[PDB]
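A quick write-up on the structure given underneath.
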Ligand SMILES: [Zn+2]
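Chains as they are written, first to last, in the authors' numbering: chain F, 38 to 207, 214 to 316; chain G, 10 to 222; chain H, 11 to 167, 193 to 209; chain E, 24 to 283, 296 to 333.
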């Protein structure tokens, strides 16, 4: 059980790989690639991901270890602090072919991860799923299977700006800033209102009484206000006063410029040369 | 989920078997919310008879505190060390639900601990149970809680939930309205300034044209 | 509240005037109101421009200026021993009582803010009351005191945030 | 279909390359399209470079009057803004990476080069202009891309510019828009000297159908980071540098006023306005966050 942090760059890489292969081959085909990231204690984070070269004989898939090693040297040349983490594929639920390829990959690292992306999906949530290998004994026979992990989307400023720009692709400045904040606050409002409705509907009586959801709603309601402490208030007011002083200096500079223009015009008009 | 198994195996039991099962589930590690067991019609019917003490104990463990147990020690049946530890953990959770920076004095008073080492060991155990996430500050005599689980709720508590969620929704709507108004004001100001500058330039051009002729 | 409006009314009545000279009751009310509000410069100039005939006709202006001089010298025992020397009939009594209360409050605040160890006799002189009850009543207010040395230890006591920022940005960007 | 642009036509590319129409004209290439993945990789690499500079290569194609970019790959250089290209390490790396990508399915060819100008705008300096001139003289087409990973974070919008130079001795006929760009004092002479030898193409971004679906699915979980950004803390050294540069420019403007290019006070005022507006935006974001979260006292 290790906490996993995902990066939208990995998902974009996988989707572009699949789209490119489908367009090149005329018909959809599954792709196999590798992941790259950093592990700190029990926190695994993925950052980038390249593609691996594979062949099929009979009904089995084999990965070119020579190509993998050349790519490993190439990526270590650039990303010095990054390391191998696992492999990724496109499809549905795991298959015996996936178990075979995982067994093949396990000869390289100790416990590689496994990422699965589903291009053809009908659900509402992201089709990305993360698995790890677990070896068990069932009915006196040794078999290694998959265990699903829970992943969180990692935070990065440049990544956030790039992803938002790509998703949006669209006459002031306050305008734009406030519009972005508005979109996010709108999402929050929607979600909190749907939760309040469920809670009110459950209280009046319209849906079966659920205890876990109501307890979690109580816990959520007990989390407000967030950080009402004196040290936080002092830090917040420090920031506010700093920005206020910067705005004061900027206003003074602008007024000095306007004053200079007025003085120039007055000197030109009311002087006899 | 041990509570699901305890509910499943509690269908046919009653009386002494029910009380023994209640004691076992209260002593069982890991389970910290007892809502469905209290919701059981059989358990709620246990009130009539001479075993209402066990129902009162279950109610105390669902919604209760160590000072409540101390005040009602005589009526309730005796509890073992594991049950007392669970009640202390639930007291810590109840305090952290309403206060996010708990002083040491109130914790010591509530849990009836004598030295700081016992209280800090208890808080460390509660943290390790993954039912409360926080840090201990010795210099200021504080415990700072980042996360605490939601304890059991009554039927009349949900009014507070709906009130708080209504307040949050109203705040979000007010913020959205303010953002819209500010955007409109900024755009209007920019367009007004541009129009005024253009008008002044046009007047200057007209004056120059009529003067140069 | 009840004194600011009276001060404004007296000021306007003096300004209009039947030829510059106002009635002596209005002069006394205005002087005592200036003393109450700690407008020492205004009171000093008001006394200077009072005609000598009005000064000689009414003797209460002399006592009022005695109170004013005691306030000007910042001599609290003088203020307290000069306030309780004369009286009138409802014209200046409530405002002089308010002045006494204001002087008491100001002395308390000054002693609290500009002292860490004050002899009990000096504190009693500053406040105005004699020593015994003042030392009795400081403790109920939280001020430490100790006998055989009489050294009292005084103790020292919105949705428009976005609008202003938007205004600043709109001005800077123009 | 939208994925049609992702189809690589070897015959059409060969025909276009062998029937070069950009020779007769000079401003032939006027539109520059970039895929979503290429833009994201460029931005993340420029950001992870830090304060130093990083440079890579770009793989794409051409469709008539426009230049399409599909992929981008970094090359090591140890970065650190070395003198120029490489101790031959990058010289081997480019060919090695292209050959390795050829046998996987990345069958497109190089179209330009990108690099970062962290904190001092998006333009081509003298050495950049010479490099692009040399590249276009022999291998055609080729486009330069300049990124500003620091101004991107500061302003909330990507600072990406695609440029192409002019042949030696060619004098372009006026037509200079020359929108204002803030540039520090130590890098203003190069920008002034080398400014008419290149022109900026109009840049647009595109993405595939699966990419659009995945992004619209990802927003449902990515909306948190917008509300938990706190951009006023991540960019403080940049603001300090901007204030230092602005103070130096103000000193120069005062010296010009005392003495006897034109009206440096206006440029200093514009720089101060930009910096202050960015700071106030960063503050009002936190004010909104406080109003949303800290006041909803249960
Ligand atoms: Zn450069």
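Ideal placement from N, C-alpha and C gives every residue a C-beta, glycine not left out.
Between which two residues does the beta strand (DSSP E) harbouring residue 74 of chain F extend? 69-77
For a quick check, are the C-beta atoms of residue 265 of chain F and residue 159 of chain G less than 9 angstroms apart? yes
Could you tell me if residue 188 of chain E is buried or exposed, where buried requires 16 or more neighbouring beta carbons within 10 angstroms of its beta carbon? Counting Cβ neighbours within 10 Å, residue 188 of chain E comes out buried, since at least 16 surround it.
For residue 47 of chain H, does the three-state DSSP call read helix, strand or coil? coil
For residue 162 of chain H, the three-state DSSP class (helix, strand or coil): strand
So, with DSSP's three-state summary, where would you put residue 207 of chain E? coil
Between which two residues does the beta strand (DSSP E) carrying residue 120 of chain E extend? It is not in any beta strand (DSSP E) - residue 120 of chain E instead sits in the alpha helix (DSSP H) that spans 112-125.
Based on the DSSP output, what are the partners of residue 80 of chain F in its beta bridges? Looking at the DSSP assignment, residue 80 of chain F forms a beta bridge with F:40, F:77.
Under 6 angstroms, CB to any heavy atom of ligand 3. Which residues pass, going along the chain? Of the ligands this structure carries, namely ligand 1, none is ligand 3.
Taking three-plus beta-carbon pairs below 8 angstroms as touching, is the stretch 184-191 of chain F in contact with the stretch 156-173 of chain G? The count of Cβ pairs closer than 8 angstroms, one atom from the stretch 184-191 of chain F and one from the stretch 156-173 of chain G, stays below three, leaving the stretches out of contact.
Among G:184, G:14, G:170, which residue has its Cα nearest to the Cα of residue 259 of chain F? G:170
Rounded separation between residue 146 of chain H and residue 113 of chain H - CA only: Whole-angstrom Cα-Cα distance: 20 angstroms.
Should the stretch 58-74 of chain E be regarded as contacting the stretch 128-142 of chain E, the criterion being three or more beta carbon pairs within less than 8 angstroms? Contact between the stretch 58-74 of chain E and the stretch 128-142 of chain E is present, because at least three Cβ pairs lie under 8 angstroms.
In chain H, which residues lie less than 7 angstroms from residue 297 of chain F when you measure between Cβ atoms? 207
Is the beta carbon of residue 44 of chain H closer than 9 angstroms to that of residue 60 of chain H? Going by C-beta atoms, residue 60 of chain H is not nearer than 9 angstroms to residue 44 of chain H.
How big is the Cα-Cα spacing for residue 190 of chain F and residue 115 of chain F? 24 angstroms
Limits of the alpha helix (DSSP H) - the one that residue 289 of chain E falls within: Because chain E is numbered from 283 directly to 296, the model contains no atoms for residue 289 of chain E.
Inter-stretch contact (C-beta, 8 angstroms, three-pair minimum) for the stretch 69-88 of chain F and the stretch 107-124 of chain F: The stretch 69-88 of chain F vs the stretch 107-124 of chain F: in contact.
How big is the Cα-Cα spacing for residue 212 of chain F and residue 100 of chain G? Since chain F is numbered 207 and then 214, with no step between, residue 212 of chain F has no place in the structure shown.
For residue 133 of chain G, count the other beta carbons within 10 Å of its own beta carbon; 16 or more makes it buried, fewer makes it exposed. Which is it? exposed
What do you get for residue 83 of chain F, buried or exposed, if any count of 16 or more other CB atoms within 10 angstroms of its CB means buried? buried
Burial state of residue 259 of chain E, where buried means 16 or more other Cβ atoms lie within 10 Å: exposed
For a cutoff of 9 angstroms on Cβ pairs, would you count residue 48 of chain F as touching chain G? no
Could you check whether the Cβ of residue 79 of chain H sits closer than 9 angstroms to any Cβ belonging to chain E? Among the CB atoms of chain E, none fall inside 9 angstroms of the CB of residue 79 of chain H.
Consider the Cβ of residue 145 of chain H: report whether some Cβ of chain F lies at a distance smaller than 9 angstroms. Under the 9 angstroms criterion on CB atoms, residue 145 of chain H is classed as non-interfacial with respect to chain F.
Name the DSSP beta bridge partners of residue 36 of chain H, please? Its beta-bridge partners do not exist; DSSP assigns none.
Can you pull the chain E residues whose beta carbon is under 7 angstroms from the beta carbon of residue 173 of chain G, in chain order? 333
Whole-Å CB distance - residue 298 of chain E paired with residue 269 of chain E, under 8 angstroms assumed: Not a contact, Cβ separation roughly 16 angstroms.
Does the stretch 98-106 of chain E come into contact with the stretch 73-85 of chain E, if we say contact requires no fewer than three beta-carbon pairs (one atom in each stretch) closer than 8 angstroms? yes
Taking C-alpha atoms, which residue in H:58, H:26, H:149 lies nearest to residue 41 of chain H? H:58
Output yes if chain H places a C-beta closer than 9 angstroms to the C-beta of residue 271 of chain F; else output no. no
Is the CB of residue 186 of chain E under 9 angstroms away from at least one CB in chain F? No, residue 186 of chain E lies away from the interface with chain F (no Cβ there is under 9 angstroms from its Cβ).
On the DSSP bridge assignment, give the partners of residue 154 of chain G in chain order. G:143
C-alpha gap between residue 86 of chain H and residue 49 of chain H, whole angstroms: Going by the C-alpha atoms only, they are around 17 angstroms apart.
Helix, strand or coil: how does DSSP classify residue 12 of chain H here? coil
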